[PDB]
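Each remark here refers to the structure printed beneath this line.
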Amino acid sequence: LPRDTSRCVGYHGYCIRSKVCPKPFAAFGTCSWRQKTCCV
Numbered sequence: 001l002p003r004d005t006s007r008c009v010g011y012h013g014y015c016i017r018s019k020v021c022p023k024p025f026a027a028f029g030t031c032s033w034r035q036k037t038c039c040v
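Take the sequence shown: its letter number 5 is residue 5 in the authors' numbering, and every next letter is one higher.
Given below as structure tokens:
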């Protein structure tokens with residue numbers, strides 16, 4: 001996996017290509033590289 005993807009999925013949620021996460025989710029830093037945002 002990219003770099004931080006495994007970090008966020010180690011929690012509970014998913015990674016999206018967007019800087020606005022659908023609710024209920026929070027923008028947890030960055031997922032794959034700096035392209036995807038972590039939604040947990």
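Think of the CB as a built atom: it goes at the ideal place given N, C-alpha and C, for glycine as much as any other residue.
Self-check item: First and last residue of the uninterrupted beta strand (DSSP E) at residue 41
Solution: No information on residue 41 is available, as it lies outside the stretch 1 to 40 that the chain covers here.
Quiz item: From the DSSP output, which residues share a beta bridge with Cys31?
Solution: Beta-bridge pairing links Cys31 to no other residue.
Quiz item: Taking DSSP as the reference, what is the three-state secondary structure of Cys39?
Solution: strand
Self-check item: Backbone secondary structure at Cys15 - three-state DSSP
Solution: strand
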